[PDB]
file work.pdb (PDB, C-alpha atoms)
ATOM      1  CA  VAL A 141     -37.210   1.471   9.996  1.00  0.00           C
ATOM      2  CA  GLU A 142     -34.713  -1.394  10.056  1.00  0.00           C
ATOM      3  CA  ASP A 143     -33.322  -2.938   6.918  1.00  0.00           C
ATOM      4  CA  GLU A 144     -33.609  -6.716   6.956  1.00  0.00           C
ATOM      5  CA  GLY A 145     -35.052  -6.683   3.550  1.00  0.00           C
ATOM      6  CA  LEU A 146     -32.099  -5.128   1.937  1.00  0.00           C
ATOM      7  CA  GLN A 147     -29.125  -7.299   2.434  1.00  0.00           C
ATOM      8  CA  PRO A 148     -25.897  -5.520   3.187  1.00  0.00           C
ATOM      9  CA  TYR A 149     -23.253  -6.301   0.706  1.00  0.00           C
ATOM     10  CA  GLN A 150     -19.922  -4.693   0.584  1.00  0.00           C
ATOM     11  CA  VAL A 151     -18.266  -4.432  -2.698  1.00  0.00           C
ATOM     12  CA  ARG A 152     -14.599  -3.741  -2.453  1.00  0.00           C
ATOM     13  CA  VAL A 153     -12.844  -2.733  -5.606  1.00  0.00           C
ATOM     14  CA  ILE A 154      -9.169  -1.950  -5.644  1.00  0.00           C
ATOM     15  CA  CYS A 155      -8.319   0.401  -8.442  1.00  0.00           C
ATOM     16  CA  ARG A 156      -6.184   3.324  -9.538  1.00  0.00           C
ATOM     17  CA  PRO A 157      -7.227   6.699  -7.910  1.00  0.00           C
ATOM     18  CA  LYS A 158      -7.817   8.025 -11.406  1.00  0.00           C
ATOM     19  CA  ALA A 159     -10.297   5.245 -11.858  1.00  0.00           C
ATOM     20  CA  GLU A 160     -11.805   5.692  -8.392  1.00  0.00           C
ATOM     21  CA  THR A 161     -13.189   8.984  -9.623  1.00  0.00           C
ATOM     22  CA  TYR A 162     -15.400   7.460 -12.294  1.00  0.00           C
ATOM     23  CA  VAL A 163     -15.788   4.143 -10.504  1.00  0.00           C
ATOM     24  CA  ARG A 164     -17.407   5.736  -7.474  1.00  0.00           C
ATOM     25  CA  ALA A 165     -19.809   7.635  -9.721  1.00  0.00           C
ATOM     26  CA  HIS A 166     -20.429   4.446 -11.673  1.00  0.00           C
ATOM     27  CA  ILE A 167     -21.236   2.632  -8.425  1.00  0.00           C
ATOM     28  CA  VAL A 168     -23.795   5.175  -7.334  1.00  0.00           C
ATOM     29  CA  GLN A 169     -25.511   5.276 -10.713  1.00  0.00           C
ATOM     30  CA  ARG A 170     -25.544   1.513 -11.043  1.00  0.00           C
ATOM     31  CA  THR A 171     -26.897   0.880  -7.607  1.00  0.00           C
ATOM     32  CA  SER A 172     -29.646   3.491  -7.889  1.00  0.00           C
ATOM     33  CA  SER A 173     -30.809   1.915 -11.120  1.00  0.00           C
ATOM     34  CA  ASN A 174     -30.308  -1.686  -9.919  1.00  0.00           C
ATOM     35  CA  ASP A 175     -32.634  -1.324  -6.816  1.00  0.00           C
ATOM     36  CA  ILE A 176     -29.631  -1.205  -4.566  1.00  0.00           C
ATOM     37  CA  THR A 177     -29.537   1.308  -1.764  1.00  0.00           C
ATOM     38  CA  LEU A 178     -26.208   2.723  -0.628  1.00  0.00           C
ATOM     39  CA  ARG A 179     -25.011   2.997   2.913  1.00  0.00           C
ATOM     40  CA  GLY A 180     -21.821   4.703   2.036  1.00  0.00           C
ATOM     41  CA  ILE A 181     -18.601   4.174   0.248  1.00  0.00           C
ATOM     42  CA  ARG A 182     -15.401   3.900   2.152  1.00  0.00           C
ATOM     43  CA  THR A 183     -12.633   4.944  -0.147  1.00  0.00           C
ATOM     44  CA  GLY A 184      -9.075   4.499   1.070  1.00  0.00           C
ATOM     45  CA  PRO A 185      -5.556   4.229  -0.423  1.00  0.00           C
ATOM     46  CA  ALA A 186      -4.424   0.677  -0.010  1.00  0.00           C
ATOM     47  CA  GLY A 187      -1.196  -0.052  -1.662  1.00  0.00           C
ATOM     48  CA  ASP A 188       0.877   2.134  -3.874  1.00  0.00           C
ATOM     49  CA  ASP A 189      -1.262   3.388  -6.756  1.00  0.00           C
ATOM     50  CA  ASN A 190      -4.349   1.833  -5.508  1.00  0.00           C
ATOM     51  CA  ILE A 191      -7.327   2.704  -3.569  1.00  0.00           C
ATOM     52  CA  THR A 192      -9.910   0.303  -2.312  1.00  0.00           C
ATOM     53  CA  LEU A 193     -13.455   1.471  -2.610  1.00  0.00           C
ATOM     54  CA  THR A 194     -15.565  -0.424  -0.220  1.00  0.00           C
ATOM     55  CA  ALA A 195     -19.136   0.255  -1.135  1.00  0.00           C
ATOM     56  CA  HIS A 196     -21.559  -0.747   1.530  1.00  0.00           C
ATOM     57  CA  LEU A 197     -24.767  -1.480  -0.214  1.00  0.00           C
ATOM     58  CA  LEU A 198     -28.139  -2.793   0.791  1.00  0.00           C
ATOM     59  CA  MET A 199     -29.884  -4.688  -1.947  1.00  0.00           C
ATOM     60  CA  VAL A 200     -33.624  -5.040  -1.989  1.00  0.00           C
ATOM     61  CA  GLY A 201     -34.487  -8.611  -2.881  1.00  0.00           C
ATOM     62  CA  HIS A 202     -31.035  -9.556  -4.181  1.00  0.00           C
ATOM     63  CA  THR A 203     -30.689 -10.794  -7.658  1.00  0.00           C
ATOM     64  CA  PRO A 204     -27.131 -12.273  -7.789  1.00  0.00           C
ATOM     65  CA  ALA A 205     -26.930 -11.885 -11.562  1.00  0.00           C
ATOM     66  CA  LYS A 206     -27.428  -8.183 -11.187  1.00  0.00           C
ATOM     67  CA  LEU A 207     -24.930  -7.744  -8.417  1.00  0.00           C
ATOM     68  CA  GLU A 208     -22.389  -9.883 -10.262  1.00  0.00           C
ATOM     69  CA  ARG A 209     -22.897  -7.852 -13.404  1.00  0.00           C
ATOM     70  CA  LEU A 210     -22.250  -4.637 -11.494  1.00  0.00           C
ATOM     71  CA  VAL A 211     -19.166  -6.119  -9.895  1.00  0.00           C
ATOM     72  CA  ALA A 212     -17.964  -7.248 -13.327  1.00  0.00           C
ATOM     73  CA  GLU A 213     -18.587  -3.721 -14.627  1.00  0.00           C
ATOM     74  CA  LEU A 214     -16.747  -2.212 -11.724  1.00  0.00           C
ATOM     75  CA  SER A 215     -13.876  -4.493 -12.536  1.00  0.00           C
ATOM     76  CA  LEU A 216     -14.399  -3.604 -16.237  1.00  0.00           C
ATOM     77  CA  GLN A 217     -13.272  -0.076 -15.446  1.00  0.00           C
ATOM     78  CA  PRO A 218      -9.684   0.288 -16.752  1.00  0.00           C
ATOM     79  CA  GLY A 219      -7.525   0.557 -13.693  1.00  0.00           C
ATOM     80  CA  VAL A 220      -8.993  -2.050 -11.406  1.00  0.00           C
ATOM     81  CA  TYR A 221      -6.485  -4.344  -9.773  1.00  0.00           C
ATOM     82  CA  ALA A 222      -9.087  -6.546  -8.138  1.00  0.00           C
ATOM     83  CA  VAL A 223     -12.667  -6.585  -6.920  1.00  0.00           C
ATOM     84  CA  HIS A 224     -14.622  -8.726  -4.470  1.00  0.00           C
ATOM     85  CA  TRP A 225     -18.008  -8.535  -2.804  1.00  0.00           C
ATOM     86  CA  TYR A 226     -18.920  -9.895   0.521  1.00  0.00           C
ATOM     87  CA  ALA A 227     -22.185 -10.150   2.450  1.00  0.00           C
ATOM     88  CA  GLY A 228     -22.381  -8.087   5.553  1.00  0.00           C
ATOM     89  CA  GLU A 229     -21.544  -4.401   5.720  1.00  0.00           C
ATOM     90  CA  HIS A 230     -19.357  -4.845   8.757  1.00  0.00           C
ATOM     91  CA  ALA A 231     -17.916  -8.027   7.165  1.00  0.00           C
ATOM     92  CA  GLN A 232     -19.974 -10.360   9.196  1.00  0.00           C
ATOM     93  CA  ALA A 233     -18.186 -13.625   9.071  1.00  0.00           C
ATOM     94  CA  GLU A 234     -20.400 -15.518  11.419  1.00  0.00           C
TER      95      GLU A 234
END

call {"tool": "encode", "arguments": {"input": "work.pdb", "output": "structure tokens"}}
result
Amino acid sequence: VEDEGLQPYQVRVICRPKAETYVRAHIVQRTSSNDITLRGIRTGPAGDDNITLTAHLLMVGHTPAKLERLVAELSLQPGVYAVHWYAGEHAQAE
């Protein structure tokens, strides 16, 4: 089965590694309750005291207000430097 009914969105949040721990858990619990399916989360150190969690998600339907709320919550975690979501798992800037 192909997924062209679940739009790939990548949510990249740059936060402290100490935050990454609860942020990554927060991502998986939010997505599973928000009708968002996960592809995987690419977590990598990208700076000095920061790690960028790039969560590749597929959202069924896509309700922007939900995704935005989750992104705001991810940013709401104490330790986030920045967060941004982009459409396309592979960052498809077409």

call {"tool": "residues_around", "arguments": {"input": "work.pdb", "residues": "stretch 205-219 of chain A", "least_positions_apart": "3", "cutoff": "8 Å", "atoms": "all atoms listed in the file", "output": "tab-separated table (two decimals) with C-alpha atoms, keeping the file's coordinate frame"}}
result
chain	number	residue	atom	x	y	z
A	151	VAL	CA	-18.27	-4.43	-2.70
A	153	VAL	CA	-12.84	-2.73	-5.61
A	155	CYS	CA	-8.32	0.40	-8.44
A	156	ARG	CA	-6.18	3.32	-9.54
A	158	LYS	CA	-7.82	8.02	-11.41
A	159	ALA	CA	-10.30	5.24	-11.86
A	163	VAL	CA	-15.79	4.14	-10.50
A	166	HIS	CA	-20.43	4.45	-11.67
A	167	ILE	CA	-21.24	2.63	-8.43
A	170	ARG	CA	-25.54	1.51	-11.04
A	174	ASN	CA	-30.31	-1.69	-9.92
A	202	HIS	CA	-31.04	-9.56	-4.18
A	222	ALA	CA	-9.09	-6.55	-8.14
A	223	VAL	CA	-12.67	-6.58	-6.92
A	224	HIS	CA	-14.62	-8.73	-4.47
A	225	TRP	CA	-18.01	-8.54	-2.80

call {"tool": "resolve_selection", "arguments": {"input": "work.pdb", "expression": "the PyMOL selection byres ((chain A and resi 186) around 12)", "output": "PyMOL selection string"}}
result
chain A and resi 152-157+182-185+187-194+221-222

call {"tool": "atom_distance", "arguments": {"input": "work.pdb", "atom1": "atom CA of residue A:233", "atom2": "atom CA of residue A:145"}}
result
19.1 Å

call {"tool": "closest_residue", "arguments": {"input": "work.pdb", "among": "A:228, A:141, A:160, A:198", "to": "residue A:179", "atoms": "only C-alpha atoms"}}
result
A:198

call {"tool": "closest_residue", "arguments": {"input": "work.pdb", "among": "A:171, A:142, A:161, A:180", "to": "residue A:220", "atoms": "only C-alpha atoms"}}
result
A:161

call {"tool": "closest_residue", "arguments": {"input": "work.pdb", "among": "A:197, A:234, A:204, A:148", "to": "residue A:172", "atoms": "all atoms listed in the file"}}
result
A:197

call {"tool": "axis_aligned_box", "arguments": {"input": "work.pdb", "around": "stretch 141-152 of chain A", "padding_each_side": "4 Å", "output": "AutoDock Vina command-line options"}}
result
--center_x -25.9 --center_y -2.9 --center_z 3.7 --size_x 30.6 --size_y 16.8 --size_z 20.8

call {"tool": "closest_residue", "arguments": {"input": "work.pdb", "among": "A:168, A:195, A:178, A:226", "to": "residue A:143", "atoms": "only C-alpha atoms"}}
result
A:178

call {"tool": "atom_distance", "arguments": {"input": "work.pdb", "atom1": "atom CA of residue A:162", "atom2": "atom CA of residue A:232"}}
result
28.3 Å

call {"tool": "atom_distance", "arguments": {"input": "work.pdb", "atom1": "atom CA of residue A:227", "atom2": "atom CA of residue A:147"}}
result
7.5 Å
